[PDB]
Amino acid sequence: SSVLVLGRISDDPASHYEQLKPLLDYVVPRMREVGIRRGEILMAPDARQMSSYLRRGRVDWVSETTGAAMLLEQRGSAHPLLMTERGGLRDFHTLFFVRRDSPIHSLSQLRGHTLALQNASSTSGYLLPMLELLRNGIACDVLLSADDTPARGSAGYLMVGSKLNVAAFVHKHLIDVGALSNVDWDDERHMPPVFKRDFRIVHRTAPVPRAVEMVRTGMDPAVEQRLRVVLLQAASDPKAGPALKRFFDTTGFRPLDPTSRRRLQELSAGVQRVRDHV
């Protein structure tokens, strides 16, 4: 509370630390007038833990994709501060892809087949695709290992963790279908050209806002207000340039508005439905 703690859900804190510290170092001095003297970074392995941190006041501010964000809001532990633009894109969506030699051409043909997902905190790699399956009445049971098989009439999913693993398992004929964001598709660390050329997109979800800054329930309203002001000013401060590049290539922030609120509310309903029916 004299300290501002910035976090995110991370499966790779060694690497994500570097993404957060530069902007935290930019923010902290600019919050002195609301009692902030110092900054810390605290990441969490998953949404549940991060929700616990948030609820207990151990993390103040996270920058997350909107689905994860809604997991946090649903648990009562955080609320939106700013909508976040990353790599010049305000929105993203999930794509389902297969090997081009697969006999799958549509989402409906996932029945009988396996899907690679990421982890439960992933928007584009779990929440969105699972939501999509729910809307289309496509059952998708958790599979225990790559030797496990779906019931006939149903799909099944395997959690492979990383985005590269989704691409790799599908490429290597271990899993029939993969889910990634449309942005991930064009990001060569996640979707290597050597794999991508063997893939076909079979389905696209509707776009949602891509990312959002969340602050914890009970943050002091003056800290909240000033944080918002500081981030809003960052996008056009040259002294914030390198820090924002490191911060998931943040290219913009903007105030919440009735549209983004409505879109987060619809996404939140969808996430809740996924949560309720898994």
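Numbers follow the displayed sequence, beginning with 1.
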query: Between the two ranges 207 to 215 and 32 to 40, the one averaging a larger CA B factor in the entry; finding: 32 to 40
query: Between 192 to 200 and 90 to 98 (mean CA B-factor, as deposited), the higher; finding: 192 to 200
query: Residue selected from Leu81, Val170, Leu131, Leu110 by maximal Cα B factor; finding: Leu110
query: Out of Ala151, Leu158, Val177, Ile138, highest CA B-factor residue; finding: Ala151
query: Chain thirds of CA B-factor: placement of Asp187; finding: highest
query: Third of the chain, ranked by Cα B-factor, where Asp60 sits; finding: lowest
query: Where the record places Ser236 (Cα B-factor, split into thirds across the chain); finding: highest
query: Among modelled residues of the same chain, the CA temperature factor third for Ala243; finding: highest
query: For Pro45, the third of its chain into which the C-alpha B factor falls; finding: middle
